[PDB]
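**Q** sequence, then structure. It's an experimental one.
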Amino acid sequence: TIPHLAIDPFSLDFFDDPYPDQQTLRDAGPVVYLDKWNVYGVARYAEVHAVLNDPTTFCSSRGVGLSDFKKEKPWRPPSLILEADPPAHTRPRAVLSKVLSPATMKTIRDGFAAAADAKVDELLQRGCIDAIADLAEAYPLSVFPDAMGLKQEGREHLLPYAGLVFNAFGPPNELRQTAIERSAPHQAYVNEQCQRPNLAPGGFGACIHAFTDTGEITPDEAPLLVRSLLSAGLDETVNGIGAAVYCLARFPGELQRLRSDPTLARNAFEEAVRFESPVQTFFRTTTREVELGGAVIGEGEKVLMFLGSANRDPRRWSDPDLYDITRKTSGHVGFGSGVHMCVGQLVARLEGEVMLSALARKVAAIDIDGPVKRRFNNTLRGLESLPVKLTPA
Ligand code: HEM
Ligand SMILES: [Cl-]
């Protein structure tokens with residue numbers, strides 16, 4: 001009663017144009033089996049949302065990648081937050097919630113906004129820039145590592161470690177194996193910077209250690225929690241910002257709208273997160289036999305949630321493939337949903353908004369002026385290079 005499909009959602013051919021295959025996955029049925037990897041898939045909005053919000057049956061403590069931690073050893077010690085279920089998840093989640101709090105956003109908003117304005121003006125002096133290297137990547141690298149309190153030495157390891165994390169959620173294909181193999185220098189840099197003497201006071205990493213006084217986390221838990229913030233955050237925001245510029249380049253009406261009302265910058269970024277879904281997929285593992293979309297799934301089965309597909313499901317979204325900066329994005333699952341919803345979402349929206357605000361106020365046109373290249377990752381969708389010509393306002 002369950003349709004078996006041969007689509008490999010982690011194949012380069014898939015990454016290059018996933019949307020036809022995502023309609024095939026949605027329309028085949030509410031639950032599919034992927035014979036290439038022996039996992040269940042859900043690609044419609046309603047089932048993805050249901051799985052995300054049913055953590056006791058669809059757990060994360062057995063890994064949110066293909067690998068099942070009950071069967072194989074994780075390639076690194078499990079995240080205390082992403083790879084945990086309630087109640088073990090609860091206290092590290094509260095710490096990160098507070099470290100990346102609304103109140104915290106007040107402390108960094110002016111520095112983050114200033115860097116974004118400065119960068120767009122710098123790029124407007126240039127003309128043809130790569131919207132990935134020069135902007136999507138350059139801007140987050142100029143604000144987040146400082147906000148973490150990271151030292152200068154070794155930052156060259158930061159993007160490699162992020163790309164490795166998200167490749168590692170994937171199946172054991174060449175992308176994953178290449179990433180994991182000879183990754184020890186990236187792991188060694190990160191693990192060393194998770195130690196308290198290495199984190200500048202007042203930054204995110206030092207504030208995590210300062211919570212060890214409260215009884216919420218123990219001193220030995222703090223370095224792994226800091227690791228979360230050296231794992232998440234950078235790559236997804238990079239891809240999301242690069243996607244926004246791309247959409248603003250491909251939908252010029254929406255740039256003109258945003259120019260006429262820069263207070264749309266925040267929803268413009270949220271809509272870019274829905275439209276691109278920089279985090280395409282996460283896994284759950286079933287804790288029991290469960291009925292989902294009429295199919296009975298056994299215990300200990302991997303379930304692949306297509307977040308990006310769920311964000312373009314026409315059963316939920318009008319004109320899902322159109323970028324609409326006045327769309328009401330509420331309910332999109334590009335940040336997840338339920339107990340695990342992105343705890344770093346205020347930092348991403350902040351970086352995204354202030355960059356889109358900078359563009360809204362200083363830029364009149366964004367014209368693609370060179371070969372566009374995709375960046376391939378088992379979990380993340382984003383561009384490798386986007387040559388554009390910025391016309392000053
Ligand atoms: C556009 C940017 C981002 C996207 C698309 C994104 C995506 C996601 C998603 C889909 C989840 C839920 C994972 C799951 O349910 O298994 C998640 C959780 C998480 N995110 Fe983000 N994220 C972004 C930015 C950030 C930032 C800026 C940070 C840190 C400052 C961050 C840190 C985390 C952490 C630590 C978790 C684990 C939360 C938990 O398990 O409760 N992310 N992210
Ligand atoms: Cl590590």
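**A** Now that the structure is in, tell me what you want to look at. Numbering: from 1, shown residues only. Ligands and ions are numbered 1, 2, ... in the order given.

**Q** ligand 1 contacts on the stretch 51-200 of the chain?
**A** Within the stretch 51-200 of the chain, the residues that sit near ligand 1 (Cβ under 6 Å from any ligand atom) are 60, 64, 81-82, 93, 96, 100. Where C-beta positions appear, they are placed from N, C-alpha and C, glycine not excepted.

**Q** ok, the residues you listed vs residue 150, which is closest?
**A** residue 100 (15.7 Å; Cβ to Cβ).

**Q** pretty sure the closest one is touching residue 204, no?
**A** Yes - when contacts are counted by Cβ atoms under 8 Å, residue 100 is listed as touching residue 204 (7.1 Å).

**Q** just the residues of the stretch 51-200 of the chain next to ligand 1: which are in helices?
**A** If you go by DSSP state H, those have 93, 96 in helices.

**Q** would you reformat the residues of the stretch 51-200 of the chain next to ligand 1 as JSON lines and include distance to ligand 2 and neighbour count?
**A** Output for those, formatted as JSON lines (distance: Cβ to the ion, whole Å; neighbours: other Cβ atoms under 10 Å):
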{"residue": "60", "distance to ligand 2": "19", "neighbour count": "23"}
{"residue": "64", "distance to ligand 2": "16", "neighbour count": "23"}
{"residue": "81", "distance to ligand 2": "15", "neighbour count": "24"}
{"residue": "82", "distance to ligand 2": "13", "neighbour count": "21"}
{"residue": "93", "distance to ligand 2": "20", "neighbour count": "20"}
{"residue": "96", "distance to ligand 2": "17", "neighbour count": "23"}
{"residue": "100", "distance to ligand 2": "20", "neighbour count": "25"}
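
**Q** strands - which of the residues of the stretch 51-200 of the chain next to ligand 1 land there?
**A** Counting by DSSP state E, those place none of their members in strands.

**Q** number of residues surrounding the residue of the chain found nearest ligand 1?
**A** Ligand 1 sits closest to residue 344 of the chain, with a gap of 1.9 Å, by Cβ to the nearest ligand atom. Neighbour count of residue 344, defined by other Cβ atoms under 10 Å: 20.

**Q** can stretch 157-164 be said to contact ligand 2?
**A** No - judged by Cβ under 5 Å from the ion, stretch 157-164 and ligand 2 are separated, with a smallest distance of 7.1 Å.

**Q** list of residues touching that stretch?
**A** Outside of stretch 157-164, the residues within contact range by Cβ atoms under 8 Å, 6 or more residues apart in numbering are 137, 141, 145, 150, 179-180, 183, 185-187, 189-190, 230-231, 233-235, 238, 377, 380.

**Q** ramachandran angles for whichever residue of the stretch 251-393 of the chain sits closest to ligand 2?
**A** Ligand 2 sits closest to residue 379 of the stretch 251-393 of the chain, with a gap of 16.8 Å, by Cβ to the ion. Reported as degrees, to the nearest 10, the phi and psi values for residue 379 are phi -110, psi -30.

**Q** in three-state terms, label the closest residue to ligand 2 within the chain for me.
**A** Closest approach between the chain and ligand 2, counting by Cβ to the ion: residue 187, at 3.8 Å. Of the three states, residue 187 takes helix according to DSSP: H, G, I helix; E, B strand; the rest coil.

**Q** give me every residue that touches it.
**A** Contact analysis of residue 187 by Cβ under 8 Å, 6+ apart lists 76, 161.

**Q** check which helix or strand the nearest residue to residue 231 once chain neighbours are set aside maps to.
**A** Counting by Cβ to Cβ, 6 or more residues apart in numbering, residue 231 lies nearest to residue 165, which is 4.6 Å off, once chain neighbours are set aside. Using DSSP states H and E, residue 165 sits within helix 158-168.

**Q** number of residues surrounding residue 139?
**A** 25.

**Q** which helix or strand contains it?
**A** helix 138-148.

**Q** ok and that helix relative to helix 158-168, angle-wise?
**A** Computed by axes from the mean of the first three to the mean of the last three Cα atoms, to 10 degrees, the angle separating helix 138-148 from helix 158-168 equals 100 degrees.

**Q** next, residue 365: secondary structure please.
**A** With three-state DSSP as the criterion, residue 365 reads strand.

**Q** strands along this protein, start to end?
**A** Under DSSP E, the chain gives strands at 4-5, 32-34, 39-42, 58-59, 128-130, 281-286, 290-292, 295-297, 302-306, 363-368, 373-375, 382-385, 387-392.

**Q** give the pairing partners of the first one; include direction for each.
**A** It stands for strand 4-5. strand 32-34 (parallel) (DSSP bridges).

**Q** chain center to the partner strand, what's the gap?
**A** 24 Å (Cα atoms, centre = their mean, to the nearest Å).

**Q** next, the buried residues of that strand.
**A** Across strand 32-34, burial judged by 16 or more other Cβ atoms under 10 Å covers 32-34.

**Q** stretch 184-194 now?
**A** So stretch 184-194, judged by 16+ other Cβ under 10 Å, has buried residues 186-187, 189-191, 193-194.

**Q** repeat that for stretch 22-36.
**A** For stretch 22-36, the neighbour count (16+ other Cβ under 10 Å) marks 22, 25-26, 28-34 as buried.

**Q** again, but for stretch 242-255
**A** Going by 16+ other Cβ under 10 Å, stretch 242-255 has these buried residues: 242-249, 251, 254-255.

**Q** are it and ligand 1 in contact anywhere?
**A** No - Stretch 242-255 is not in contact with ligand 1 by Cβ under 6 Å from any ligand atom; minimum separation 8.9 Å.

**Q** which residues of this structure lie near ligand 2?
**A** Residues of the chain found near ligand 2 (Cβ under 5 Å from the ion) are 187, 190-191.

**Q** pull up the gap between the residue nearest to residue 311 when sequence neighbours are not counted and residue 91, please.
**A** Of all residues not flanking residue 311 in the chain, residue 274 sits nearest, at 4.6 Å (Cβ to Cβ, 6+ apart). Relative to residue 91, residue 274 is positioned 31 Å away (Cβ to Cβ, to the nearest Å).
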